[PDB]
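Before any comments, here is the structure.
Hydrogens, waters and symmetry mates play no part in the numbers below; they use all other heavy atoms, side chains included. FYI, the numbering just counts along the sequence from 1.
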Amino acid sequence: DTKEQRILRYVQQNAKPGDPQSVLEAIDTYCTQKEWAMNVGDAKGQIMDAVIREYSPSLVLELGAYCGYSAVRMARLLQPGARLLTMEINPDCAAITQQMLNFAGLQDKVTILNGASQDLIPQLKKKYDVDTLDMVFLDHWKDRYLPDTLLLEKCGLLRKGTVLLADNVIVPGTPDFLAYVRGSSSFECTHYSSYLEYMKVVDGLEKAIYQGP
Ligand SMILES: O=c1[nH]cnc2c(O)c(F)c(-c3ccc(F)cc3)c(-c3ccc(F)cc3)c12
Ligand SMILES: Nc1ncnc2c1ncn2[C@@H]1O[C@H](CSCC[C@H](N)C(=O)O)[C@@H](O)[C@H]1O
Ligand SMILES: [Cl-]
Ligand SMILES: [Mg+2]
């Protein structure tokens, strides 16, 4: 078995079915006490919660699902009828994420998309019937942040006020993406300093609000 499978089994044996908060707490306990993993975590997760509550997005896109931690965290705060789409390139992670969402009782709010973000984004309008996105959580791989942001704009998926929220802009760091959004009149940017999940290491989130072409 894999670390990801151990995390899922730990949730299934130590959380309450249908209780998202208990799922998050179980994941955080396992990753603090047993094995580190790249979930956004509780310190940065609290900032994400604040953002979700401020904007009450109807349609969120997540880039990078992993075990489903961040998907659980966002989906538990969505209003009735609101939806999350999450893209995940690794099929074993996609299956763990689906099972995690099912355990948490959130499966009707989330759709997992299999594949690479750069291949799936251009399909959102026609295949997946998306008009524009209200929020995007970028948390896949540092070198894809800038290219996928530019792709989302090209594809007409951003509207005035779409919120981009990017993890790990300090560790490992995303200097091309930060330089671009902070220098572009098409974004209004705020930095939220925090900590790397489960570690006493500084990290941060960037919020970049799209302002149109
Ligand atoms: O790749 C990631 N995607 C999403 N979120 C991540 C995340 O939240 C992380 F904290 C890390 C991280 C940071 C520091 C570290 F030491 C190990 C891993 C990674 C990551 C970075 C570099 C890699 F070589 C492998 C994984 C990711
Ligand atoms: N181009 C790409 N498209 C889609 N998923 C990708 C990708 N490159 C990397 N990934 C995926 O991005 C994930 C990064 S970790 C995601 C953590 C998650 N957001 C959480 O906080 O719980 C991995 O599962 C990895 O397989
Ligand atoms: Cl944490
Ligand atoms: Mg991350």
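Following chains of ILVMFWY side-chain contacts shorter than 4.5 Å, one can reach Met199 starting from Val169, so the two form part of one hydrophobic cluster. Note on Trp141: it does not cluster hydrophobically with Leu151, by side-chain heavy-atom contacts below 4.5 Å among ILVMFWY residues. Hydrophobic clustering (ILVMFWY, side-chain heavy atoms < 4.5 Å, transitive): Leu85 and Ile89 are in distinct clusters. Taking hydrophobic clusters as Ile, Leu, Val, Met, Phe, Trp and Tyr residues chained together by side-chain heavy-atom distances below 4.5 Å, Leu157 shares a cluster with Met74.
Without hydrogens or angle criteria, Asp134 side chain to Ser58 main chain gives a donor-acceptor distance under 3.5 Å. Remark: side-chain polar atoms of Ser184 are not paired, donor with acceptor, to backbone N or O of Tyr180 under 3.5 angstrom. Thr162 contributes a side-chain N or O that, together with a main-chain N or O of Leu133, makes up a donor-acceptor pair within less than 3.5 Å. Remark: the backbone N or O of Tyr66 is paired with a side-chain donor or acceptor of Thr97 at under 3.5 angstrom. A side-chain donor-acceptor contact under 3.5 Å links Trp36 to the backbone of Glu197. Under the 3.5 Å distance criterion, the side-chain polar atoms of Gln99 are matched with a main-chain donor or acceptor of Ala95. With hydrogens and angles ignored, the 3.5 Å screen pairs no side-chain donor or acceptor of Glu88 with any backbone N or O of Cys93. A distance-only check finds a donor-acceptor pair linking the side chain of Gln211 to the backbone of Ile209 [under 3.5 Å]. Distance alone, capped at 3.5 Å, is enough to place a donor-acceptor pair between the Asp203 side chain and the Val171 backbone. Under the 3.5 Å distance criterion, the side-chain polar atoms of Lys207 are left unmatched by any main-chain donor or acceptor of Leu164.
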Stepwise, does the side chain to side chain contact (heavy atoms under 4.5 Å, CB included) test hold for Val23 with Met100?
-> CA-CA 8 Å; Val23 168; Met100 189 75 74; 3.9 Å; yes
Begin with the C-alpha distance, continue with both residues' side-chain angles, and end with the deciding distance and a verdict on side chain to side chain contact (heavy atoms under 4.5 Å, CB included) for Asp139 and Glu62.
-> CA-CA 7 Å; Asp139 192 26; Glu62 168 176 88; 5.8 Å; no
Could you walk me through whether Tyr198 and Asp42 pass the side-chain hydrogen bond (donor to acceptor under 3.5 Å, both in side chains) test, one step at a time?
-> CA-CA 8 Å; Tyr198 313 117; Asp42 190 71; over 6 Å; no
Begin from the C-alpha positions of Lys44 and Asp167 and carry the test side chain to side chain contact (heavy atoms under 4.5 Å, CB included) through to its verdict.
-> CA-CA 8 Å; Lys44 290 182 291 175; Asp167 191 29; 2.7 Å; yes
Report the C-alpha distance between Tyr210 and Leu152 in whole Å, list the side-chain angles of each, state the deciding distance to 0.1 Å, and finish with yes or no for side chain to side chain contact (heavy atoms under 4.5 Å, CB included).
-> CA-CA 11 Å; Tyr210 188 64; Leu152 286 161; over 6 Å; no
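Of all heavy-atom pairs between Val72 and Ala104, the closest is CG2-CB, 4.3 Å. The two atoms that bring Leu205 and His191 nearest to each other are O-ND1, 3.4 Å, heavy atoms only. Across all non-hydrogen atoms, the minimal contact from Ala208 to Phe187 is CB-CD2, 3.9 Å. Heavy-atom minimum distance, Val11 versus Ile27: CG2-CG1, 3.4 Å. For the pair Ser193 and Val202, the tightest heavy-atom approach, listed with the atom from each and the gap, is OG-CG1, 4.0 Å. Here the closest non-hydrogen pair linking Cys189 and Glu206 is CB-OE2, 3.5 Å.
The distance from atom CZ of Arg6 to atom SG of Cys31, rounded to the nearest 0.5 Å, is 11.0 Å. To the nearest 0.5 Å, atoms CG (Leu150) and CZ (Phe177) are separated by 9.5 Å. Interatomic distance, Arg182 CZ to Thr190 OG1, rounded to the nearest 0.5 Å: 10.0 Å. Rounding to the nearest 0.5 angstrom, the gap separating the CG atom in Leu138 from the OG1 atom in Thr174 is 9.0 Å. Within the model, atoms CG of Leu101 and CG of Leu84 stand 8.0 Å from one another, a figure rounded to the nearest 0.5 Å. For the atom pair CG of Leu165 and CD1 of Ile47, the computed distance is 9.0 Å after rounding to the nearest 0.5 Å.
For CG of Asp129, the number of neighbouring non-hydrogen atoms (other residues, nucleotides, ligands) closer than 6.0 Å is 12 at most. In this structure, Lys3 places its NZ atom where more than 12 heavy-atom neighbours from other residues, nucleotides or ligands lie under 6.0 Å away. Open room surrounds OH on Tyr195; 12 or fewer heavy atoms of other groups in view lie less than 6.0 Å from it.
Annotation: side chain of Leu113 is in contact with side chain of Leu124 (closest heavy-atom distance under 4.5 Å). At least one side-chain heavy atom of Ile121 sits under 4.5 Å from a side-chain heavy atom of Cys155. Contact of the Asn14 side chain with the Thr29 side chain is not registered, since no non-hydrogen atoms from C-beta on lie closer than 4.5 Å. Taking the side chain as every heavy atom from C-beta outward, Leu120 and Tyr128 approach each other to under 4.5 Å. Looking at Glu35 and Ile7, their side chains never come closer than 4.5 Å, going by heavy atoms from C-beta outward. A 4.5 Å side-chain heavy-atom check between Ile112 and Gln107 finds every atom pair outside the cut-off. Considering only heavy atoms from C-beta on, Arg83 stays 4.5 Å or farther from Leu78 through its side chain. Counting heavy atoms from C-beta outward, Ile52 and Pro57 have side chains that approach closer than 4.5 Å.
Looking at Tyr145 and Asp176, their side chains never bring a donor and an acceptor atom within 3.5 Å of each other.
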